[PDB]
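Reconstructed Cβ throughout: ideal geometry from the backbone, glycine too, with neighbour counts over all protein chains shown. What follows is calculated from the coordinates using simple rules that are stated; it is not laboratory data.
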DNA sequence: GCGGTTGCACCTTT
DNA sequence: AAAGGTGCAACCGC
């Protein structure tokens, strides 16, 4: 993966939700950010 | 929706797929960036 | 101008 | 305190 830092726009409550999801999947929030978008494409294919 | 510019890491091909997905949903790539992540949480709830 | 990209300032966690 | 994770503003590309 060559995940570069991009200017993605996220909401405040959505931020916490993403961090909470990270705990559920047993992954670090920083890692989960990349996984969330990547898995999004994985779910629909 | 108060989507603020945050530091999200995205891969090159992932970015292109995001744009391609935007075309499928009939939305502008700029809008789809924040919609994809938001919809991700919407799909799993 | 709009869309997207980069590095760094600041807040969170060990 | 430090390292990791995060927020914001600026610049280049289309």
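What the table below lists for this structure:
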quantity	calculated
Computed Kirkwood radius, in angstrom, where 1/r is averaged over Cα pairs of chain B	11.2 Å
Copy-to-copy label separations for residue A:44, where each label sits 7 Å from Cα toward Cβ, in nm and ascending	1.6
Exam field: residue B:30 pseudo-label spacings to other copies (7 Å along Cα-Cβ), nanometres	3.1
Number of partner chain Cβ atoms within 10 Å, mean per residue of B:7-20	6
